[PDB]
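Comments concern the structure below.
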Amino acid sequence: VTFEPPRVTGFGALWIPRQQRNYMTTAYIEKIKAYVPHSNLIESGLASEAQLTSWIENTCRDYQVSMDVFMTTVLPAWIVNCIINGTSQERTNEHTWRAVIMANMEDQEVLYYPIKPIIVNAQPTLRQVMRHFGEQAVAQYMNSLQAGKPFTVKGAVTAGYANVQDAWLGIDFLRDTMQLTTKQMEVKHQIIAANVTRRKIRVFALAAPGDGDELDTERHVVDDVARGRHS
RNA sequence: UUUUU
């Protein structure tokens, strides 16, 4: 059997609906084989490109800083801060998030930035807009680990995970789109079980009272009953 | 989907 044919017939076992049999050709197979987009650009768990750039442009206008200096200077600081403290929406009560200027592995001064103009501008929640930087956050935490002064991950410490070697997987903005092995899947997921620590209520206590009974009277008569004379 | 202050 020097030659063993070529097959490559495709389809066969794969059931094809009758409406698609006229377009489900062999040449159609090769056309869709090229459509393999990144598995981190299609899911709804992250902000889309249209609303990611909206977040980038809106927050730099509020800070009155250029996009070039935003993507270079304060974005890594924001990623580090989101590594230290969580990325929850109700972090706005801090009213300020801190960035520290570093001279040579030694703090010199802490800078203060408003936290509202960076959370509300993330249209599909800030937990989703920061998921694009989840892969960069792990690398930056590893860099901090190599420097001898590891970061303190809020999720890992809160969940009870004291392992500093892999204290990530406690990052609040990991979508798990990365090829996590089965031994890190449960470590990340048990940390994710910090959600059941606190409840959530969907609706507040309404607006003010619509009405509490009204009054309408005039003239000179009894206190409340207008000329009460019936029997 | 949200939910990890």
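Numbering (the deposited numbering), first residue to last: 65 to 295. All residues carry an ideal CB built from backbone N, CA and C; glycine is no exception.
It is roughly 31 Å from the alpha-carbon of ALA111 to the alpha-carbon of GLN210.
Residue pairing by DSSP places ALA98 in no beta bridge whatsoever. Annotation: the continuous beta strand (DSSP E) that includes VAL174 extends over 171-177. When the five nearest sequence neighbours on each side are left out, the beta carbons in the same chain lying within less than 6 Å of the beta carbon of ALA201 are those of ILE143, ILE147, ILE235, in order along the chain.
As a beta-bridge residue in DSSP terms, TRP161 pairs with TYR177. Taking C-beta atoms under 8 Å as the contact rule, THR189 and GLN153 qualify, at a distance of about 6 Å. DSSP places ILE255 inside the alpha helix (DSSP H), whose first and last residues are 246-256.
Shown here for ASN149: same chain residues with a beta carbon closer than 6 Å to its own, the five before and five after excluded, namely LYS218 in chain order.
Remark: C-beta atoms of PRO273 and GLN204 do not approach each other more closely than 8 Å. Our two residues, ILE183 and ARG191, have alpha carbons roughly 9 Å apart in a direct line. The Cβ neighbour count for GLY198, taken over all protein chains shown within 10 Å, is at least 16; the residue is labelled buried.
In this structure the segment 171-182 touches the segment 155-163; the number of beta carbon pairs closer than 8 Å is three or more.
Taking the C-beta atoms as reference points, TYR225 is found no nearer than 8 Å to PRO181.
Ranked by Cα distance from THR89, the options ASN227, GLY76, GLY292, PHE134 are led by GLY76. Among the bridge pairs identified by DSSP, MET166 is matched with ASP171. For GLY234, no alpha helix (DSSP H) segment is defined, and its DSSP state is neither H nor E. In its chain, beyond the 5 residues on either side, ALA258 have a beta carbon closer than 6 Å to the beta carbon of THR222.
By the neighbour-count criterion, in which a residue is buried when 16 or more other Cβ atoms sit within 10 angstroms of its Cβ, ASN157 is exposed.
Put simply, of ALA186, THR73, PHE215, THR137 the residue whose alpha carbon is nearest the alpha carbon of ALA114 is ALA186. Comparing alpha carbon positions, the residue from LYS213, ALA91, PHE268, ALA271 closest to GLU170 is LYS213.
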